[PDB]
Amino acid sequence: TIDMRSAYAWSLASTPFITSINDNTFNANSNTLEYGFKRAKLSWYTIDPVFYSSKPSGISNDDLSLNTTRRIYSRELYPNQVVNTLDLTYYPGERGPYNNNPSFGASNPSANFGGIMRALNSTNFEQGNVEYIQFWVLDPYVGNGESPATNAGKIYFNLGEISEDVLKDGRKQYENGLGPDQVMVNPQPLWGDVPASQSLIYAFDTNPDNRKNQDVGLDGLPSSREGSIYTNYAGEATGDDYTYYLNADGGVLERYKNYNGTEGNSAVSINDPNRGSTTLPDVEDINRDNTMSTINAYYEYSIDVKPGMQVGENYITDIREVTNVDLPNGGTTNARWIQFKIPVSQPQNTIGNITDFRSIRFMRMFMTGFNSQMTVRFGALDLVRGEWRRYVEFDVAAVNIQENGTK
């Protein structure tokens, strides 16, 4: 396997397609700013270990037990010790990051995505023989975290050469090195104040008075001048901000509401009320080639998230139903662990001129098609490379105790 659970290694995503020429989700239309008009406000985060140990002065034991923040033990997944999940708590009514969508109150929240992309460490699935994509999503429709029915999950898995241009600026990349000291593009590049100088090394300074002016998001506007571009949503101070997970107010599912913002995400002097979770610039390079590669060679791998799911369903496998997990307060629920397996050499809606797996990069997530919150918790999301090279739906798994201990 090649683990892919890194909560920090993901980041915002270029807005998708469903076939190379399509404008649903408002994409391949960069002429205007109507590019993130369909973007919800999902988050991604591992519930940090300071909630189950000696707790903060916020959440009590009543919120650590509602099956979206439950401290899944390894025993609970693999009936052979704590499993660090990777949530994707998706908010298809929260306007997400950068977009001045004027109405955003009549459009169906089903027509809003939430983007996340990675940068695969190893290309060329041919040489590596990357066969499957496996993971252990929680069946979200169980006790204490049961989102009501009528969600109709459409988690996509664009696994191609996804456009690394997160915030479509006209092929202008983006970095630190902002402020009045530096120079920017003569016109504001339709989103912000994208600087005019090439990134020598992606890293801030250490002058705390300076870094406070550099990290201003993926726009360049310091959130005090964002009201000049985001006009209709202006006078709300805005498009993006940041809040430390142990600084916000509410349940653990909601403290990670804005623990993905880019503005203030790199505060110096770690012993602050608002830490950063990164000391890296807020740049539009997921792979750090020092370039963007604004291309689209996808391989969609759709998934449904329905109320009920057998094993013969979309790509499901061994479901691993649990019975009575002692929740932290006094309770116990019935959780499900529907494992999936998307065969990588069987795409669905190949976008662009991609033809073979000789070079792959930038896997990408979604949560499109919802109507309320969803907190899909990937127990172990993972590209799993075979080692056996198959020479009638002939297939080759590798049955293991921990995986198929409940086949």
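The structure we're discussing is the one just above.
About the thresholds
Residues numbered from 1 in each chain as written, not as in the entry; some residues may be left out. Part of a larger assembly, values for the part shown. Heavy atoms only, no water. Core = buried A, V, L, I, M, F, W, Y, C linked by side-chain atoms within 4.5 Å. Buried < 20%, exposed > 50% of the residue type's maximum accessible area, 1.4 Å probe, protein only. Helix = DSSP H or I, 4+ residues; strand = E, 2+ residues; numbered from the N terminus. Contact = heavy atoms within 4.5 Å. Pairing = 2+ DSSP bridges. 1 Å grid on protein atoms, 1.4 Å probe; cavity = no way out; pocket = protein on both sides within 12 Å on 5 of 7 lines; lining within 4 Å. Points joined across faces, edges and corners; volume = space filled by probe spheres on them. Nonpolar A, V, L, I, M, F, W, Y, C, P; charged D, E, K, R; others polar. Salt bridge = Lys/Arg side-chain N within 4 Å of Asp/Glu carboxyl O.

Novice: Please explain the nonpolar core as it appears in this structure.
Specialist: Generally speaking, a soluble globular protein has its nonpolar side chains buried in company with each other. Counting residues in hydrophobic clusters, the biggest one holds 71 residues, and the most contacted among them are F125, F135, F157, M363 and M367. Those elements that place two or more of their residues in this core are β2 (116–117), β3 (130–135), β7 (340–343) and β8 (361–365). Sequence-distant contacts of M367, that is, excluding residues within four places in its chain, are made with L42, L88, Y90, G114, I155, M374 and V376. Grouped together as the second largest cluster of nonpolar side chains are 13 residues, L64, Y242, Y245 and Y259 included.

Novice: What is the right way to read the pairing of β7 from this model?
Specialist: Working note: regular strand, side chains alternate between the two faces of the sheet. Because side chains alternate across β7, one face comprises the buried residues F340 and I342, and the other comprises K341 and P343, equally buried. In the sheet, β3 pairs with β7 via four bridges, with the strands oriented antiparallel. Residue pairing in the sheet places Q134 in a bridge with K341 of β7.

Novice: Any chance you could explain the layout of surface pockets here in plain terms?
Specialist: Any empty space left between the atoms is revealed when a probe the size of a water molecule rolls over them. Its volume calculated, the largest pocket comes out at about 1200 Å³. Every residue lining the largest pocket is counted, 47 residues in all, and those nearest its centre are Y8, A9, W10, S11 and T278. Partitioned by chemical class, the residues of the lining of the largest pocket number 23 nonpolar, 15 polar and nine charged. The volume enclosed by the second largest pocket comes to roughly 400 Å³. Secondary structure elements with two or more residues in the lining of the second largest pocket: α2 (125–128) and β3. Considering only residue class, the lining of the second largest pocket consists of seven nonpolar, three polar and six charged.

Novice: Even after reading the chapter, I still don't get the pattern of salt bridges, so can you show me in this structure?
Specialist: Between side chains of opposite charge, a pair can form when the charged atoms approach closely. Summed over the entire model, instances satisfying the criterion amount to eleven salt bridges. Between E76 and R70 there is a salt bridge, with the nearest N and O atoms lying 3.4 Å from each other. Take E76: its relative accessible area is 9%, and that puts it in the buried class. Among the salt bridges present, the one from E94 reaches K257, with a minimum N-O distance of 2.9 Å. Overall, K257 belongs to the buried group, its relative accessible area being 18%.

Novice: Can you help me understand the sheet that holds strand β4 (residues 159–160) in this one?
Specialist: Adjacent strands of a sheet pair through backbone hydrogen bonds, lying either parallel or antiparallel. Spatial strand order, β2-β8-β4: three strands in an open sheet with antiparallel pairing. For this open sheet the edge positions go to β2 and β4, each flanked by a neighbour on one side alone.

Novice: Can you walk me through the pairing of strand β9 (residues 382–385) in this structure?
Specialist: Sheet analysis places strand β1 (residues 2–3) next to β9, joined by two bridges and oriented antiparallel. Across the sheet, the residue bridging to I2 is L383, located in β9. Relative to β9, β3 runs antiparallel, the two sharing four bridges. Bridged to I133 within β9 is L383.

Novice: What am I meant to see in empty space enclosed by the protein here?
Specialist: Estimates place the volume of the largest cavity at around 110 Å³. Looking at the largest cavity, the residues that line it are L12, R39, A40, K41, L42, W44, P97, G114, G115, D240, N260 and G261. Its residues assigned to classes, the lining of the largest cavity comprises five nonpolar, four polar and three charged.

Novice: What is the right way to read the environment of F366 from this model?
Specialist: Assignment of secondary structure puts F366 in the loop between β8 and β9. Along the backbone, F366 and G308 are 58 residues apart, and their C-alpha atoms lie at a distance of 20 Å. Contact partners of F366, with chain neighbours within four places excluded, come to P16, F113, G114, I155, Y156 and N158.

Novice: Help me out: how do you make sense of unusual backbone geometry in this one?
Specialist: Negative phi is the rule for most residues except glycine; trans is the rule for most peptide bonds. Of note in this structure, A28 is not a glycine but carries a positive phi near 60°. As for its position among the elements, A28 is in the loop between β1 and α1 (74–77). In this model, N290 sits at a positive phi of 65°, which is unusual for a non-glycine residue. Among the structural elements, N290 can be located in the loop between α4 (252–255) and β5 (325–326). Take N290: its relative accessible area is 40%, and that puts it in the partly exposed class.

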